[PDB]
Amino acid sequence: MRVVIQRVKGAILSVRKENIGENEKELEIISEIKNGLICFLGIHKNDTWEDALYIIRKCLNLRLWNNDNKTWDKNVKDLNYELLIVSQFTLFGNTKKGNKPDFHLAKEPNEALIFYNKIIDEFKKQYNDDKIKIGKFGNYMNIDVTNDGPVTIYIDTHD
C-alpha cells in the first residue's frame, strides 16, 4: 500500500453538486477536519490486510507534532486531533516511461472500495468514530488543505 500523510491545521473536502454539470463548476462541502492529518491512501492490487494495518498503525501513532521545542513528539491521538482519509489511486501512477501516467498496480475500483471501507472501519476501531472523516470514493474532489509546516510523510508497505 502507499500513503502520503500531511500535517494540517485544517482540510475541507468538497464534491461536485448533483444534477449540475458536466460543464459547470459548483461544489458541496461534505467533510471537514481541524488540526490533524490528511492521509492520501493508494491501495495496491496485492495489498493484504497486513499492509492496511501497517498504514493505520502509522497514521495513528507517527509522532508528527512538537511539544514546545521538542520535535516529533506527539501523535494525532495524543492531541485529540482528526484524520481525513482519502483514496488516491494516482500514488501508483507509473511515470517511468513517457509523460502520460498509467495506474496498472492499483487494486480494482470494486475490490478497492470494500478494502478501503474496511480500513475506515479499523481506523474508527483503533481510535474514535468521531475523528475519522472521509472523502467520496471514486468521485472527483476539491480539498482545501492548510498544510502545517509543511510536514509530508511517505510510506510504502511494499518496502
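Note that residue numbering follows the sequence shown and begins at 1. Basically, rigid core = biggest C-alpha set you can superpose within 1.5 Å across the two forms.
Averaged as a root mean square over residues and superposed structures in 9 other deposited structures of this protein, CA distances to the shown form are larger in 65 to 73; the pair compared was 39 to 47 and 65 to 73 with a core fit. For the cut-off of one third of the other compared entries, residue 25 qualifies: that many or more give it no coordinates while modelling its flanks. When the two stretches 146 to 154 and 133 to 141 are set side by side, the higher mean Cα temperature factor goes to 133 to 141. Mean C-alpha B-factor is higher over 105 to 113 than over the other stretch, the pair under comparison being 105 to 113 and 48 to 56. Ranked against the other modelled residues of its chain, the C-alpha B-factor of residue 125 as given in the entry falls in the middle third.
Among the modelled residues of its chain, residue 43 has a C-alpha B-factor that falls in the middle third according to the deposited record. In the deposited entry, the Cα temperature factor of residue 119 sits in the middle third of values across the chain's modelled residues. Among the modelled residues of its chain, residue 29 has a C-alpha B-factor that falls in the highest third, as given in the PDB entry. Among all modelled residues in its chain, residue 95 ranks in the highest third by Cα B-factor.
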